[PDB]
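Below is one structure, written out as structure tokens; the observations come after it.
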Amino acid sequence: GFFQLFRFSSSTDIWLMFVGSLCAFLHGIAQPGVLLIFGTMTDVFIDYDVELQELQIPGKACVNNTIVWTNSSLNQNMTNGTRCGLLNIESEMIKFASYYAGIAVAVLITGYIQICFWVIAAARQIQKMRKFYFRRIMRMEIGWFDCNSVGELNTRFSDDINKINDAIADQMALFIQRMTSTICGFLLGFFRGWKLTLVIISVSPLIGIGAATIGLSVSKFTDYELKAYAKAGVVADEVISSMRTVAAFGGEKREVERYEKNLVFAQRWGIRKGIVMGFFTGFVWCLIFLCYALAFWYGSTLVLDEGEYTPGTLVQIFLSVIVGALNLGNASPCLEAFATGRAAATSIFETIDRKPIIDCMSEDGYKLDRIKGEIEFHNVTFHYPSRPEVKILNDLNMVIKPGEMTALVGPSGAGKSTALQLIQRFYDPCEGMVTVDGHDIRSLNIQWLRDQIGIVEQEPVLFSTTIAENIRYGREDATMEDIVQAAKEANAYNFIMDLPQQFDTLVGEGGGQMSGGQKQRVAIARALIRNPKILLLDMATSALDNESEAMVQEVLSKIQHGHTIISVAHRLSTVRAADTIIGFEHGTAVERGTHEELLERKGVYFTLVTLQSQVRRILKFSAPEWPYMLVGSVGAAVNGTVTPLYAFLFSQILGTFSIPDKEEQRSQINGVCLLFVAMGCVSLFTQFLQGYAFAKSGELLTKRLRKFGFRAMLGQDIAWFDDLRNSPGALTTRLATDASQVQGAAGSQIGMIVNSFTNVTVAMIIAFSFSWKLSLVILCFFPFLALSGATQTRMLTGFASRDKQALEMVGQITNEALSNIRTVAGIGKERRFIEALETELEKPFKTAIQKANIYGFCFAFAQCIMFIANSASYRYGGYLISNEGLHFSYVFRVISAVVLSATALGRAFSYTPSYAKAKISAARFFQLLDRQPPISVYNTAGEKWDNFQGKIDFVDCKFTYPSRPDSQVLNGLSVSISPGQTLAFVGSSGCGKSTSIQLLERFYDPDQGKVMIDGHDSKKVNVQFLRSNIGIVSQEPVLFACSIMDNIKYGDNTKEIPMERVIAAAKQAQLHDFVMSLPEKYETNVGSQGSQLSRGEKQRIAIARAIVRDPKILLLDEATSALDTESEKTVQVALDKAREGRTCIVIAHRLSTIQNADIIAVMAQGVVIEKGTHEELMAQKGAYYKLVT
Ligand SMILES: C[C@H](CCC(=O)NCCS(=O)(=O)O)[C@H]1CC[C@H]2[C@@H]3[C@H](O)C[C@@H]4C[C@H](O)CC[C@]4(C)[C@H]3C[C@H](O)[C@]12C
Ligand SMILES: C[C@H](CCC(=O)NCCS(=O)(=O)O)[C@H]1CC[C@H]2[C@@H]3[C@H](O)C[C@@H]4C[C@H](O)CC[C@]4(C)[C@H]3C[C@H](O)[C@]12C
């Protein structure tokens, strides 16, 4: 519902929203209410000019000029005596100039209450809706998190509640003043004259449809432009990310064709954005100017003869129906903000109240002292609440006698993580209650249950604090003398001394965190500090480095002793010294014995061991765009004069109700309300042209500035893609958003700087030609009105709404308590993370009570400055009607041409992309285009034409990784070759040998120690002619968003694009029978949407992508890392076939790949020591000799 968004309001938060309600009803009557003054004020100007200029003729009775020449100082001689000083102008303008000055004060102080008492009174609810939501989201099960994301529960905390902030706070008071001004705008048009407002009201829904689709079409075309660019920004976001393989196959010159062709969709919603917002700006415009010629043409007849409308109330019923039909349609961009919020709060308001099964309640249970360490599982059966169509635990039965160890052993997945997880009560058994020393796991306090058990996880995860209270989370009572007791027994005390500081070393997450073998040593102290009676460690040393494996398993196996331990094993050589291994095969704990009762029986421990335990820059660049920017700047000089030519002409029709002969008010008033018809029906056209051409110039620019941008980003060094800051998740935001900022320094500045030069010139010239002594009063208020035109269209600096970067500290304390929810529930309490959010949630609240009276202020001073500009300048205008002798038509033409072009000179300076961020956004593309990287594909290709035959010979290759500071030395070595053999590097692990063959292409170059191709050097061997003859294969395979054949097709775009060699390399590369076992012949699309392949049998595409070429050197760099050796043997047949006449370098990490082939040189320092074939690894140690020793 919608009025259910107002729930979380205390009693002091419904009165703070009610004095803002009747100050938004009371501000919202002054916009048609001030027409009551201007109605009756242009009638006292015009009842004075009649008796002035009728006295300006010595005509009819000159012995008594009707009344005038002092016939009021007599006694009773005035039978018609109105033509005297009855109508004193100067004493009447003071009776009007203090009418505006009262509205100016009573709209400054109610335009401040209505928008300070709705941003305060609705940034006080969200501090309570973003707080109940996080308190009940932590009391869920663990099962509710298994079918919800982390990234979906983190846009429903900062991106979704920021939509029911926009519906409650700002757009509600600023709605109800746009609704009580379109009620009083029509009703104060009826009560004056009923028949003269009924004709205008028939076109009044046509002026309001057209002005409700300008506001509703700015914030609705950003749904399309994100959804019409990203059909093409998913092509150049999967080439920059997979950048190693587009280089080595040479598809640089053609990949930008598949991005240029996909790009015109952004070129089409850009041109149909400056038409719809362009044409409908004219269709409002024309319909105002054609409506002035309907209330002054047919409205003249009623005031010309009828007489039942003085000409004041002919411009007062008319200007109040117009201003009550703009404000009707203008309340539609905020009647969208109500329904965006209403539809998007159904997910928050559901999660606030669910009351699920297990939680943090301290009532319903039986707290039980003296647990004797009894664990019992009755006959259970279990289902995950994500994939419920399986019985994971199939009728389990196990007992755990207290005192000593207990194992739990499976083949590969039998009771991997679920069987150890029921006992600390994360999930519930649907049958078979499980019990601990009497009564079962339910009917107990969960706060009591989770204090005995202490778990050691698979992976170590640590919170962002320091190592003092990263241990103190378990059992908060314990002291600094007592933490170190567990910090030594877990063997971190020798890490306490050798540390840059003691007990405050902020290396939790925002510091330099250490290795997993010394992160696992922190969690043991968290589990020992609480004095537990149960232990549970589930593959503790699983994802870490095996050097640490020795010392951390000594702490579990030998140091820990004294009570129950239920510990599974990463490998069974550790769990041999056990009490009762209760391992199993499927679902039911079958063995229940030691290794000697299974010396005669099968089990899964006596089974498994036999197979495992055996600016001028822009305009010159926008060169072909001279026709559109010229027709767009002739059409921007005609609708820049329509703002000061209206004011020259409205005061013309407002003066010719003071021409004395009654017939002249039928043909002078008709030949001026005919110029409005030629002013609307032109500005319906030229407003369209000024919007069409400038959304075609700067659109066809920014389609072309992406094509030149994406080529000169593609063909460069590999050594700056892997630079630190411009990572491929943040380079394609420089090419999506940042390439449209340049549009505001060529195309659209011309439509502001010539739409202002023929605006604030023709307005001054009309102003200064008539009354230069009145034009200097109102021109003092001139800068303060361009602020009321730049705020009327509303993105003034004064919104202060880019304080999202104070919600990032809130957005990190909510992520490190929800992305690791396994280790918060099972360890200690989540009570601190429902006290470390609610502390932190003050700093965005204080910056939404400091914004609530700056946007509160500058909304009112940009609303009371026109009403005081007419107060100090109609006042002085009456000083000149009566004393200095000018006409009354020359006040309306001077006071209204510098304010009618003072609001339009600031309304057009907010509809233009700013210029500060467009003179530097085009200053980083113009350096990206004009950049000369030292190695690149686009070079004029020389230094070529050598018949290769793979004679690639190394001489002392010292290397650095000269971009990323990984080391200062990578291993220098020198290996020669003859064509047809192997280099076969095996040895060190970290960046020593694989760098040297990632060096092999034109990727990196040696600073020293130059290499040869055929006696040449790889600074004077070109990139294009070398790379035709290599063949690489990578570690992670990557296949593009195409079919099976098309990636096989992708191997060579250099030649005539082959079909003939796919058949010859189908049965060679061992895919000829898997390409026939498919749902379709070759159109199996495996990119992003179809059924995904296995990496173990995607390698067979990754090898086969190379061999469609005619390579002279292979680069078999680190394939075949599939963890199932059945599928490894399938591709191991495939690597053996890509040989017999081709140079190879195969690293062969798993040593069964080929051994007797050729030399083995690299080592830990990588020095060439063994230039020898495989028979020389007996007297000196080699690859196989180390693992057998
Ligand atoms: C009629 C309005 C003036 C009354 C007013 O001040 N309302 C309160 C201001 S708000 O609640 O804070 O927006 C103004 C404000 C916004 C104006 C519109 C917007 O500026 C959008 C375009 C701008 C074009 O230059 C003219 C047509 C137009 C479609 C404008 C017509 C008209 O002058 C509007 C509708
Ligand atoms: C007259 C209307 C209300 C403001 C006003 O001038 N009232 C005079 C009384 S007082 O001084 O406030 O006392 C305003 C509101 C919207 C305005 C119109 C819109 O801004 C659209 C265009 C804008 C062009 O610059 C001028 C013509 C015009 C068609 C405007 C004429 C006039 O200024 C309108 C109709």
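Each chain in the structure tokens gets a letter, A, B, ..., in the order shown, and its residues are numbered from 1; ligands are numbered from 1 in order too.
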
Legend entry - alpha helix (DSSP H) positions in range 272-318 of chain A, given as a VMD selection string: chain A and resid 276 to 289 292 to 295 298 to 301 318

Just-selected residues, C-alpha atoms written as a compact mmCIF listing (two decimals), in the first residue's frame:
# COMPACT_ATOMS: atom_id res chain seq x y z
CA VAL A 276 10.82 14.18 -27.41
CA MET A 277 12.28 16.62 -24.89
CA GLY A 278 12.75 18.99 -27.83
CA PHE A 279 9.35 18.91 -29.54
CA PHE A 280 7.34 18.80 -26.30
CA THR A 281 9.20 21.89 -25.11
CA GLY A 282 7.76 23.63 -28.16
CA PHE A 283 4.30 22.20 -27.78
CA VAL A 284 4.03 23.71 -24.32
CA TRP A 285 5.52 26.96 -25.65
CA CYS A 286 3.21 27.24 -28.68
CA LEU A 287 0.12 26.47 -26.61
CA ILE A 288 0.82 29.26 -24.15
CA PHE A 289 1.28 31.80 -26.93
CA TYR A 292 -3.01 34.39 -25.04
CA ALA A 293 -4.68 34.94 -28.46
CA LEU A 294 -7.94 33.24 -27.26
CA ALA A 295 -8.39 35.13 -23.95
CA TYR A 298 -12.71 36.55 -27.54
CA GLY A 299 -11.92 38.00 -24.08
CA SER A 300 -11.81 41.52 -25.60
CA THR A 301 -15.46 41.40 -26.83
CA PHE A 318 -6.28 34.03 -17.76

Inset, instruction - May I have the residues within 9 Å of residue 673 in chain A as a list in words, using only C-alpha atoms and disregarding those fewer than 2 positions away in the same chain? - result: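 Neighbouring residues, sequence-local ones excluded: residues 290, 292, 293, 294, 296, 297, 653, 668, 669, 670, 671, 675, 676 and 677 of chain A.
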
Store the residues picked out above, limited to N, CA, C and O atoms, as a CSV table (one decimal), in the first residue's frame.
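Heads up, here's the output in part-v2.csv:
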chain,number,residue,atom,x,y,z
A,290,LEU,N,-0.5,30.6,-28.1
A,290,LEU,CA,-1.8,30.6,-28.8
A,290,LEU,C,-3.0,30.7,-27.9
A,290,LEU,O,-4.1,31.0,-28.4
A,292,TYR,N,-3.0,32.9,-25.3
A,292,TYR,CA,-3.0,34.4,-25.0
A,292,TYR,C,-3.8,35.1,-26.1
A,292,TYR,O,-4.4,36.1,-25.9
A,293,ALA,N,-3.9,34.4,-27.3
A,293,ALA,CA,-4.7,34.9,-28.5
A,293,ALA,C,-6.1,34.3,-28.5
A,293,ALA,O,-6.7,34.4,-29.6
A,294,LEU,N,-6.6,33.8,-27.4
A,294,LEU,CA,-7.9,33.2,-27.3
A,294,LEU,C,-8.6,33.9,-26.1
A,294,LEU,O,-9.9,34.0,-26.1
A,296,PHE,N,-7.6,37.1,-25.2
A,296,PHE,CA,-7.5,38.5,-25.5
A,296,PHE,C,-8.2,38.8,-26.8
A,296,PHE,O,-8.4,40.0,-27.1
A,297,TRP,N,-8.6,37.8,-27.6
A,297,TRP,CA,-9.4,38.0,-28.8
A,297,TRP,C,-10.9,37.9,-28.5
A,297,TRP,O,-11.6,38.9,-28.7
A,653,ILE,N,-0.2,44.9,-25.8
A,653,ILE,CA,-1.7,44.6,-25.7
A,653,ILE,C,-2.2,45.1,-24.4
A,653,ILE,O,-3.5,45.3,-24.3
A,668,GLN,N,-6.8,47.4,-33.2
A,668,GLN,CA,-5.4,47.4,-32.7
A,668,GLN,C,-5.2,46.2,-31.8
A,668,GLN,O,-4.1,45.6,-31.9
A,669,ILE,N,-6.2,45.8,-31.1
A,669,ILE,CA,-6.1,44.6,-30.2
A,669,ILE,C,-6.2,43.3,-31.0
A,669,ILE,O,-5.8,42.3,-30.5
A,670,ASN,N,-6.5,43.4,-32.3
A,670,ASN,CA,-6.6,42.3,-33.2
A,670,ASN,C,-5.3,42.1,-34.0
A,670,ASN,O,-4.9,40.9,-34.2
A,671,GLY,N,-4.7,43.1,-34.4
A,671,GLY,CA,-3.4,43.0,-35.0
A,671,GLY,C,-2.2,42.9,-34.1
A,671,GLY,O,-1.1,43.0,-34.6
A,675,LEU,N,-0.1,38.5,-33.8
A,675,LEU,CA,1.3,38.2,-33.8
A,675,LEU,C,1.6,37.1,-32.8
A,675,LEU,O,2.7,36.5,-32.9
A,676,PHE,N,0.8,36.8,-31.8
A,676,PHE,CA,1.0,35.7,-31.0
A,676,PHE,C,0.8,34.4,-31.8
A,676,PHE,O,1.6,33.4,-31.5
A,677,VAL,N,-0.1,34.4,-32.7
A,677,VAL,CA,-0.3,33.2,-33.6
A,677,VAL,C,0.9,32.9,-34.4
A,677,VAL,O,1.4,31.8,-34.6

Inset, instruction - Using only C-alpha atoms and all ligand atoms, find each residue with an atom at most 6 Å away from ligand 1 and format the answer as a VMD selection string. - result: chain A and resid 174 211 281 326 to 327 792 to 793

Create the file for the chosen residues now, containing N, CA, C and O atoms and written as a PDB file, in the first residue's frame.
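Writing done, so here's part33.pdb:
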ATOM      1  N   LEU A 174       6.496  19.157  -1.739  1.00  0.00           N
ATOM      2  CA  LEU A 174       6.599  19.790  -3.031  1.00  0.00           C
ATOM      3  C   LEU A 174       5.623  19.194  -4.026  1.00  0.00           C
ATOM      4  O   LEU A 174       5.612  19.604  -5.181  1.00  0.00           O
ATOM      5  N   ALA A 211       3.270  19.453 -20.644  1.00  0.00           N
ATOM      6  CA  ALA A 211       4.236  19.865 -19.640  1.00  0.00           C
ATOM      7  C   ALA A 211       4.399  18.845 -18.535  1.00  0.00           C
ATOM      8  O   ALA A 211       5.189  19.065 -17.620  1.00  0.00           O
ATOM      9  N   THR A 281       8.913  20.572 -25.645  1.00  0.00           N
ATOM     10  CA  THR A 281       9.201  21.890 -25.113  1.00  0.00           C
ATOM     11  C   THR A 281       8.603  22.969 -25.993  1.00  0.00           C
ATOM     12  O   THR A 281       8.312  24.064 -25.508  1.00  0.00           O
ATOM     13  N   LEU A 326       0.005  24.472 -15.612  1.00  0.00           N
ATOM     14  CA  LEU A 326       1.378  24.027 -15.487  1.00  0.00           C
ATOM     15  C   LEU A 326       1.542  23.217 -14.215  1.00  0.00           C
ATOM     16  O   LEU A 326       2.026  22.086 -14.254  1.00  0.00           O
ATOM     17  N   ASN A 327       1.079  23.751 -13.083  1.00  0.00           N
ATOM     18  CA  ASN A 327       1.238  23.076 -11.806  1.00  0.00           C
ATOM     19  C   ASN A 327       0.392  21.825 -11.665  1.00  0.00           C
ATOM     20  O   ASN A 327       0.622  21.060 -10.734  1.00  0.00           O
ATOM     21  N   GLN A 792      15.103  26.744 -10.339  1.00  0.00           N
ATOM     22  CA  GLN A 792      13.714  26.430 -10.773  1.00  0.00           C
ATOM     23  C   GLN A 792      13.723  25.091 -11.519  1.00  0.00           C
ATOM     24  O   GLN A 792      12.711  24.372 -11.449  1.00  0.00           O
ATOM     25  N   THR A 793      14.831  24.783 -12.202  1.00  0.00           N
ATOM     26  CA  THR A 793      14.991  23.498 -12.935  1.00  0.00           C
ATOM     27  C   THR A 793      15.752  22.506 -12.045  1.00  0.00           C
ATOM     28  O   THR A 793      16.135  21.434 -12.559  1.00  0.00           O
TER      29      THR A 793
END

Inset, instruction - Enumerate residues in contact with ligand 2: an atom-to-atom distance of at most 6 Å, counting only C-alpha atoms and all ligand atoms. Format the result as number ranges by chain. - result: A: 34-35, 38, 285, 288, 319, 323, 643, 904

Take the residues just selected and output them with N, CA, C and O atoms as a PDB file, in the first residue's frame.
ATOM      1  N   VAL A  34      -1.023  35.792  -5.730  1.00  0.00           N
ATOM      2  CA  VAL A  34      -0.365  37.031  -6.104  1.00  0.00           C
ATOM      3  C   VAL A  34      -0.860  37.534  -7.446  1.00  0.00           C
ATOM      4  O   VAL A  34      -0.560  38.663  -7.834  1.00  0.00           O
ATOM      5  N   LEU A  35      -1.620  36.718  -8.172  1.00  0.00           N
ATOM      6  CA  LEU A  35      -2.321  37.219  -9.334  1.00  0.00           C
ATOM      7  C   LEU A  35      -3.471  38.126  -8.955  1.00  0.00           C
ATOM      8  O   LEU A  35      -3.874  38.943  -9.782  1.00  0.00           O
ATOM      9  N   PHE A  38      -1.706  41.650  -8.933  1.00  0.00           N
ATOM     10  CA  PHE A  38      -1.386  42.050 -10.303  1.00  0.00           C
ATOM     11  C   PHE A  38      -2.616  42.160 -11.187  1.00  0.00           C
ATOM     12  O   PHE A  38      -2.577  42.861 -12.197  1.00  0.00           O
ATOM     13  N   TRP A 285       5.241  25.560 -25.241  1.00  0.00           N
ATOM     14  CA  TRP A 285       5.524  26.964 -25.653  1.00  0.00           C
ATOM     15  C   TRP A 285       4.445  27.482 -26.604  1.00  0.00           C
ATOM     16  O   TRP A 285       3.857  28.531 -26.301  1.00  0.00           O
ATOM     17  N   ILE A 288       0.993  28.077 -24.982  1.00  0.00           N
ATOM     18  CA  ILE A 288       0.821  29.257 -24.153  1.00  0.00           C
ATOM     19  C   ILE A 288       0.579  30.465 -25.035  1.00  0.00           C
ATOM     20  O   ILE A 288      -0.364  31.227 -24.814  1.00  0.00           O
ATOM     21  N   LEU A 319      -4.186  34.387 -16.566  1.00  0.00           N
ATOM     22  CA  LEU A 319      -2.907  33.967 -16.018  1.00  0.00           C
ATOM     23  C   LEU A 319      -3.050  33.053 -14.823  1.00  0.00           C
ATOM     24  O   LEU A 319      -2.040  32.525 -14.366  1.00  0.00           O
ATOM     25  N   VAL A 323      -1.375  29.185 -14.927  1.00  0.00           N
ATOM     26  CA  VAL A 323      -0.497  28.800 -13.825  1.00  0.00           C
ATOM     27  C   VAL A 323      -1.120  27.719 -12.962  1.00  0.00           C
ATOM     28  O   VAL A 323      -0.438  27.134 -12.118  1.00  0.00           O
ATOM     29  N   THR A 643      11.957  35.262 -25.935  1.00  0.00           N
ATOM     30  CA  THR A 643      11.780  35.600 -24.533  1.00  0.00           C
ATOM     31  C   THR A 643      11.774  37.119 -24.322  1.00  0.00           C
ATOM     32  O   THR A 643      10.962  37.583 -23.521  1.00  0.00           O
ATOM     33  N   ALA A 904      15.072  33.310 -17.436  1.00  0.00           N
ATOM     34  CA  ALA A 904      15.298  32.441 -18.616  1.00  0.00           C
ATOM     35  C   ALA A 904      16.792  32.377 -18.945  1.00  0.00           C
ATOM     36  O   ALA A 904      17.172  31.531 -19.770  1.00  0.00           O
TER      37      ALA A 904
END

Legend entry - Which of A:458, A:769, A:743, A:546 sits closest to residue 416 in chain A [using only C-alpha atoms]: A:458

Inset, instruction - Tell me, as a PyMOL selection string, which residues lie within 12 Å of residue 936 in chain A, counting only C-alpha atoms; anything in the same chain fewer than 3 positions away does not count. - result: chain A and resi 247-248+250+252+711-720+931-933+939-941+1001-1005+1019+1022-1024

Inset, instruction - Just the strand (DSSP E or B) stuff from range 911-1132 of chain A, please, per backbone DSSP, written as a list in words. - result: residues 953, 959, 970, 982, 1012, 1030, 1031, 1032, 1033, 1113, 1114, 1115 and 1116 of chain A

Write out the residues from the selection above, keeping N, CA and C atoms, as a short mmCIF file (atom, residue, chain, number, x, y, z; two decimals), in the first residue's frame.
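Saved result, result_18.cif, follows:
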data_model
loop_
_atom_site.label_atom_id
_atom_site.label_comp_id
_atom_site.auth_asym_id
_atom_site.auth_seq_id
_atom_site.Cartn_x
_atom_site.Cartn_y
_atom_site.Cartn_z
N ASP A 953 66.10 -18.59 -29.12
CA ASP A 953 67.26 -18.88 -28.30
C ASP A 953 67.45 -17.78 -27.27
N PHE A 959 64.45 -10.21 -15.56
CA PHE A 959 63.18 -9.53 -15.72
C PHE A 959 62.67 -9.05 -14.37
N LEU A 970 63.31 -11.23 -11.73
CA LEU A 970 62.81 -12.52 -12.18
C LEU A 970 63.91 -13.21 -12.97
N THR A 982 61.91 -29.51 -27.19
CA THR A 982 61.19 -29.04 -26.02
C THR A 982 62.14 -28.25 -25.12
N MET A 1012 66.64 -14.15 -29.26
CA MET A 1012 66.74 -14.28 -30.72
C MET A 1012 65.49 -14.96 -31.25
N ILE A 1030 53.14 -18.42 -33.96
CA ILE A 1030 53.10 -19.01 -32.63
C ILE A 1030 51.76 -19.68 -32.36
N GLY A 1031 51.70 -20.48 -31.31
CA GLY A 1031 50.44 -20.96 -30.79
C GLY A 1031 50.50 -21.04 -29.28
N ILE A 1032 49.61 -20.36 -28.59
CA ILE A 1032 49.64 -20.30 -27.14
C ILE A 1032 48.48 -21.10 -26.59
N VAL A 1033 48.63 -21.57 -25.36
CA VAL A 1033 47.49 -22.05 -24.59
C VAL A 1033 47.71 -21.63 -23.14
N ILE A 1113 55.64 -22.59 -33.66
CA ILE A 1113 56.04 -22.73 -32.27
C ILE A 1113 54.77 -22.89 -31.46
N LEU A 1114 54.70 -23.92 -30.64
CA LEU A 1114 53.63 -24.01 -29.66
C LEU A 1114 54.08 -23.38 -28.36
N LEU A 1115 53.12 -22.96 -27.56
CA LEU A 1115 53.40 -22.47 -26.21
C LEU A 1115 52.45 -23.21 -25.28
N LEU A 1116 52.81 -24.42 -24.88
CA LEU A 1116 51.91 -25.21 -24.04
C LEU A 1116 52.11 -24.83 -22.58
#

Legend entry - Shell around residue 1153 in chain A at 9 Å using only C-alpha atoms, local window under 6 positions removed, as a list in words: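 Everything that qualifies: residues 1132, 1135, 1136 and 1146 of chain A.
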
Inset, instruction - Point out the residue among A:562, A:728, A:751, A:1058 with the least atom-to-atom distance to residue 637 in chain A, counting only C-alpha atoms. - result: A:751

Legend entry - residue 1181 in chain A environment, 12 Å, only C-alpha atoms, sequence neighbours closer than 5 positions dropped, as a PyMOL selection string: chain A and resi 987+1160-1161+1163+1169-1170+1174-1176+1186-1189

Legend entry - Pairwise distance for CA of residue 347 in chain A and CA of residue 156 in chain A, rounded to one decimal in Å: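 These atoms are spaced 8.0 Å apart.
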
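Using only C-alpha atoms for every distance, the candidate list A:396, A:337, A:1145, A:800 yields A:396 as the residue closest to residue 418 in chain A.
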
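Distances from A:608, A:629, A:1011, A:681 to residue 956 in chain A were compared using only C-alpha atoms, and the smallest one belongs to A:1011.
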
Legend entry - Atomic separation - CA of residue 774 in chain A relative to CA of residue 886 in chain A, Å: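 So the answer is 10.6 Å.
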
Inset, instruction - Between A:791, A:88, A:814, A:850, single out the one closest to residue 138 in chain A, counting only C-alpha atoms. - result: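 For residue 138 in chain A, the nearest of the given residues is A:814.
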
Inset, instruction - May I have the residues within 10 Å of residue 367 in chain A as a list in words, using only C-alpha atoms and disregarding those fewer than 4 positions away in the same chain? - result: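 Everything that qualifies: residues 362, 363, 443, 444, 445, 446, 447, 448 and 449 of chain A.
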
Can you write out as CSV which residues of range 330-428 of chain A fall within 8 Å of range 160-172 of chain A, alongside each residue's closest atom pair and its distance in Å to one decimal, counting only C-alpha atoms and ordering rows by chain and ascending residue number?
residue,atom,partner,partner_atom,distance
A:334,CA,A:171,CA,5.7
A:337,CA,A:167,CA,5.5
A:338,CA,A:167,CA,5.0
A:340,CA,A:163,CA,7.0
A:341,CA,A:164,CA,4.8
A:342,CA,A:164,CA,7.4
A:344,CA,A:160,CA,6.6
A:345,CA,A:164,CA,6.9

Can I get the selected residues back with C-alpha atoms, as a PDB file, in the first residue's frame?
ATOM      1  CA  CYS A 334       6.517  13.393  -8.182  1.00  0.00           C
ATOM      2  CA  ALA A 337       8.215   8.960  -7.254  1.00  0.00           C
ATOM      3  CA  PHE A 338       5.358   7.738  -5.054  1.00  0.00           C
ATOM      4  CA  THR A 340       8.466   3.782  -7.606  1.00  0.00           C
ATOM      5  CA  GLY A 341       8.786   3.722  -3.844  1.00  0.00           C
ATOM      6  CA  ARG A 342       5.497   1.924  -3.243  1.00  0.00           C
ATOM      7  CA  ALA A 344       9.949  -1.185  -4.140  1.00  0.00           C
ATOM      8  CA  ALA A 345       9.098  -1.342  -0.437  1.00  0.00           C
TER       9      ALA A 345
END

Inset, instruction - Identify, on the basis of only C-alpha atoms, every residue whose closest approach to residue 66 in chain A does not exceed 9 Å; exclude the query and any residue fewer than 6 positions from it along the same chain; express the result as number ranges by chain. - result: A: 55, 60, 80-81, 83

Take the residues just selected and output them with N, CA and C atoms as an mmCIF file, in the first residue's frame.
data_model
loop_
_atom_site.group_PDB
_atom_site.id
_atom_site.type_symbol
_atom_site.label_atom_id
_atom_site.label_comp_id
_atom_site.auth_asym_id
_atom_site.auth_seq_id
_atom_site.Cartn_x
_atom_site.Cartn_y
_atom_site.Cartn_z
ATOM 1 N N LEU A 55 -7.532 64.675 -20.118
ATOM 2 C CA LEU A 55 -7.200 66.044 -19.754
ATOM 3 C C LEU A 55 -6.124 66.620 -20.658
ATOM 4 N N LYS A 60 -13.590 69.589 -25.411
ATOM 5 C CA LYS A 60 -15.046 69.720 -25.350
ATOM 6 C C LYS A 60 -15.494 70.928 -24.537
ATOM 7 N N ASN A 80 -20.237 64.777 -11.306
ATOM 8 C CA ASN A 80 -19.520 63.659 -11.905
ATOM 9 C C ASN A 80 -18.073 63.671 -11.419
ATOM 10 N N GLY A 81 -17.831 64.294 -10.269
ATOM 11 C CA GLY A 81 -16.498 64.701 -9.867
ATOM 12 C C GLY A 81 -15.517 63.623 -9.450
ATOM 13 N N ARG A 83 -12.726 63.114 -11.632
ATOM 14 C CA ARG A 83 -11.526 63.379 -12.419
ATOM 15 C C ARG A 83 -10.686 64.394 -11.659
#

Legend entry - Residue nearest residue 821 in chain A - candidates A:175, A:845, A:426, A:1185, atoms counted: only C-alpha atoms: A:426

Inset, instruction - Tell me, in Å to one decimal, how far CA of residue 736 in chain A is from CA of residue 263 in chain A. - result: 11.2 Å
